[PDB]
């Protein structure tokens, strides 16, 4: 099995995890189990703690500037890993890590609660008003007298894991994501209908959009555009709003006068296919290869949406370019469009130790 590690500055302490990403199903979240390797001689009479913090941050350009900033811990777990105490059910991978690292390896396990927001990072672009912001999950291991002590970077390691969202296997009874509207052009109807075949789609997966157009007008639809739109709402500090196209399939398809058209478009929204990544809600840093578009934010009734920090949702839109009589220079055209909600979630996990450095690779 593959595991990931990180050593603190003075190399007097390192931490190990079985994976970089942890899936949030909905009823439960995957445990964050691992071990820390300690230096007994160095750690003369000190305790070793391991904390997991979910934090919302706003401001601070790229890495570090000066301007405005806001920070809020929405959730945090802390544990004394060394010296140990309650001897409890070690996980298989923990078993191995200890058989490998030796006797100076002590286990720790974090079982996050449910309803917490998933990883979301956003960096402002040329057409945006807000500032950088995000929801992070940081894992720190350090040496100290107690959790009250100010923590110094020299003898502590920090790790940023991702908590990604999967759509419950306990989901069904899907209504039907479809829509049909009428648009009057010179007193005559232009019906445009769209529908999705599924309830939830997953990153890297094809989305089939059914389009039915009943054009009873004397005008001509010269273009049909299909876009996947991402709507990001920062709901904590500053109420910033981002509405971005994360996929656009512009086609040839035309619909003459007194004509109908039934067709199925198929598009796959992918952070990779996007040139401009600024302004988009991601689940990690832009410079990283494993980073994807943020998942649809699962919002539940009775809960304050602000505790989520950032709200991410998607839409599929169908745009028709209609010309005042689709011909000649009458390029004095109009646009008509319909939209449908789109829930985009992570695929889902499936059922000798090779140690790798934790740092995510830059593509």
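Positions refer to the first chain, counted from 1.
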**Report entry** Missing from the model but present in the deposited sequence, between residue 351 and residue 352
**Finding:** 4 to 9
Report summary line: Higher of the two mean Cα B-factors (308-316, 56-64; per PDB record) comes from 56-64
**Report entry** Between 163-171 and 103-111 (mean CA B-factor, as deposited), the higher
**Finding:** 163-171
Query raised in the report: Which one of 222, 131, 140, 153 shows the top CA temperature factor in the record?
Result: 153
Query - Member of 241, 96, 278, 285 with the greatest C-alpha B factor (per the PDB record) - result: 96
Requested in this report: Can you work out whether the C-alpha temperature factor of residue 191 puts it in the lowest, middle or highest third of the chain?
Outcome: lowest
Requested in this report: Classify residue 200 as lowest, middle or highest third according to the C-alpha B-factor given in the PDB entry, relative to its own chain.
Outcome: middle
Requested in this report: Would you please rank residue 69 by its C-alpha temperature factor against the other modelled residues of its chain and give the third it falls in: lowest, middle or highest?
Outcome: middle
Report task. Taking the values exactly as deposited, rank residue 148 by C-alpha B-factor within its chain and report the matching third: lowest, middle or highest. Result -> highest
**Report entry** Assigned third (lowest, middle, highest) for the C-alpha B factor of residue 226
**Finding:** middle
